[PDB]
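A single chain, nothing else alongside it, follows as structure tokens in the form deposited without this ligand.
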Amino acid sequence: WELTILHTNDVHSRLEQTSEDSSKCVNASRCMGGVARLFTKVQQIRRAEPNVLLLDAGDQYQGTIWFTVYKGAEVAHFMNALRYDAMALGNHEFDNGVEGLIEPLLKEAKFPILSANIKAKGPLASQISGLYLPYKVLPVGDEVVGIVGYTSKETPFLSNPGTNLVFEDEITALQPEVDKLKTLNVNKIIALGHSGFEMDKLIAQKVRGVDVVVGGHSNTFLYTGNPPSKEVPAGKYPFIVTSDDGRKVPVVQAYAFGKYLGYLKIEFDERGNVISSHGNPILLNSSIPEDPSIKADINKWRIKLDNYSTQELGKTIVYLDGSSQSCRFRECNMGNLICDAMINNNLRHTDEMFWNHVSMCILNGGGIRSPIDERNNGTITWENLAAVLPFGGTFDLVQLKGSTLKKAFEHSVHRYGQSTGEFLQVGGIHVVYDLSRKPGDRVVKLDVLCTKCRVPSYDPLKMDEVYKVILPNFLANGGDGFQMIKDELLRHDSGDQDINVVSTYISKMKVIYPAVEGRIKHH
């Protein structure tokens, strides 16, 4: 018995076709993805293959002005139109709180929405009851396939789920559900979830009964053979894990932003055991035409978005690199741009002995969501910017001791290599890491720009000295695991809205050209 697993993850409001880098589509002929093109491929597969399942591993929410305006109603509608069979909850599904998930996605979906490691409490228990499920047994031909969801244990620090949602460890929560499914005579079980390639590998290895793991979060690209685009594979497709009970469990992820469609053909024996697994993500390029009906629908919905696509903020003569492969790994010129705008906003004239009250900036790479292309006469529009900073947050002023900030830079890279959001971008700071060192001891050099000086220059960070830092409210609140900031900060003053601060600076500058200049160095 052969099942075809079609899967997406981390679509992040990429409803329309995009450029190769996921930014706004300019030259349509070189454009990729979008729900209208995905529909065409999905329909073609359904016609050729007898047993098909279309799955989403979370993070459909947040990414472009589609989400800013439609707040999840476009997700429900277009996922229903593509006829998804199931969806696991990602972290960004809580960006607008529980209420923003329940309405509209949970109530409007025509497919089950899953987690299992999310437990509601207090008044929420009855309010969310039956709207999300730990698993769902789905009929596929003459057979049944159990799908069991999971969401990152880290979601309370990455999004806004609130206090009445408890995020249990994934492996601990999954084992009883899979065990229960086997007692209800379900022998083919898919683990669909949003926790990251490392966790997916652990689920495959530790949760007895899981036939195949379909993941997300880490934007992991896996491929068998020579890849078709700019993405570099982290491993083969599928990634084979050997379970503690001695079974070969395939692990799959389909990169992000609907560029690729995950495709995995599994051959199962009568007892529900995986005999073989093969496949590859399908590059959704201009060769695959967009569905005319879905395109007409996307266009109907695109009208309410157009009043933000106009007015030029300024120009850039350089490519603004807001790609996660860059910003979550090393110094990125978009990072330097946003930090330069952050410092520029806080220029306050007082005291002869201070050139300015604040010289330092820190920004997590997980906060930078998109690059901006310079090739359409270098124009930067509000829309272009709204894909980079979509969260509607503020850039705040904090008082931090040198030790707190040193701990912050250690956290920044404590698990470097997993494409996690905590990697810090900087302004008025020159940091040097030795990643070959043990976590908690990777910062080898940390120099900061002076404030109590007439000529600003870099001096080494002092542990007992209190420094003023411009930083997003998300980090000030202990987001991305920056608990030491929330706990040890000496003062916290809220500032201006994130997108406004960067638009104002782009407008003041008229023509920008940020470089990667050595603010962050490794070895």
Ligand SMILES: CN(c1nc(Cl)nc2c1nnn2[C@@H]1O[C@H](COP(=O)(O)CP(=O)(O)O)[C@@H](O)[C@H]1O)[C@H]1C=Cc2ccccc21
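In case it trips you up, residue 1 is the first one in the sequence shown, and so on.
Just so it is clear, the following notes concern the form deposited with this ligand bound, a form of the same protein that is not shown.
Within 2.4 Å of backbone or C-beta atoms of the shown chain, at least 3 atoms of this ligand land once it is superimposed from its position in the bound PDB entry; the pocket counts as blocked. Within this chain, residue 474 lines the site of this ligand in the bound PDB entry, having a heavy atom no more than 4.5 Å away. Proximity of residue 316 to this ligand in the bound PDB entry: non-hydrogen atoms within 4.5 Å are absent; the residue sits far from the partner.
Remark: residue 280 does not count among the residues lining this ligand in the bound PDB entry, judged by a heavy atom distance of 4.5 Å or less. Within 4.5 Å of some heavy atom of this ligand in the bound PDB entry lies at least one heavy atom of residue 328. Proximity to this ligand in the bound PDB entry, taken as a non-hydrogen atom within 4.5 angstroms, holds for one residue of 210, 105, 448, 158, which is 158. Residue-level contacts in the bound PDB entry: of 384, 117, 364, 333, one residue has a heavy atom within 4.5 Å of this ligand, and it is 364.
With this ligand left out of view, the stretch that reaches within 4.5 Å of it through heavy atoms in the bound PDB entry is, among 272-280, 135-143, 91-99, 242-250, 91-99.
Taking this ligand as it sits in the bound PDB entry, the stretch 421-447 comes within 4.5 angstroms of it through a non-hydrogen atom at 421, 422.
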